[PDB]
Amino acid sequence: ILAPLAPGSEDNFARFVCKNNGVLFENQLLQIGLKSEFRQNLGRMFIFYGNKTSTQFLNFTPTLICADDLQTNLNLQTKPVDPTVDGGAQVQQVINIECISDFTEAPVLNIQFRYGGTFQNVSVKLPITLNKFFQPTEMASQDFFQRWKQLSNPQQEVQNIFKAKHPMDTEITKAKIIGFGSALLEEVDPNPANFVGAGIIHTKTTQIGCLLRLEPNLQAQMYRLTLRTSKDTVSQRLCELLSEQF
């Protein structure tokens, strides 16, 4: 059997969208940390498992679980991890990642082990997301507007309106957009309060050009985000990921 997603899985997942390093999961027994890097359609993720106790974990078994569609879109390769984890020890695995095509689902990391006479079972969403393959595209205003207008089919645009989770801090917002994988294009939207971005999603089989506009209303503490891309599922996925960052 598999544990349901741990409390805070979704909140924490959201912290690994625009950055690669952090603690993915921690309770009284176990700390799971991540460090990753991506280039083009590839990635390398280190997953670290720390035994916070003085007792060995036995039959320690981390498994990367991917839905059928996800497996066709995203190749994850990793090696056996030794099933014994000494008390106070930190062990690790390397996950080599290859994006074959655009994808919407996330892998689930399930960890099971014996701890003394107990059985432990933890499930968390693993932050391998489409924007990890999103790389910035610098371009002039004129070219941006040309490209924006070429993506005028209704299904190519996805929008969200949401309450700011964080202070609407101009410099941090810029940094988050860059961390998402977008270029930050200055003086495109004539309103200097707004943010405009462009990038390309790199997959083995295809590349997708994506444009975005983020419009803050500081008085109202809300944003409107617009994505345009040539693929409806890509517009949806990037819009929903990026929406949770501000």
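In this text, residue numbers run from 1 along the sequence as written.
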So, looking at the entry's B-factor column for Cα atoms, which has the higher mean, 9-17 or 232-240? 9-17
Higher mean Cα B-factor in the deposited model: 75-83 or 90-98? 75-83
Selection by C-alpha B-factor (highest) of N41, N217, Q207, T53: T53
Given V158, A164, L151, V122, identify the residue with the highest C-alpha B factor in the PDB entry. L151
Entry-reported Cα temperature factor of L185, expressed as the chain third it lands in: highest
Binned into thirds over the chain's modelled residues, the C-alpha B-factor of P107 lands in the middle
For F145, return the chain-relative third of its C-alpha B-factor as stated in the PDB record: lowest, middle or highest. highest
Please place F60 in the lowest, middle or highest third of its chain according to the CA B-factor in the PDB entry. middle
For the chain shown, is the CA B-factor of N27 in the lowest, middle or highest third of its modelled residues? highest
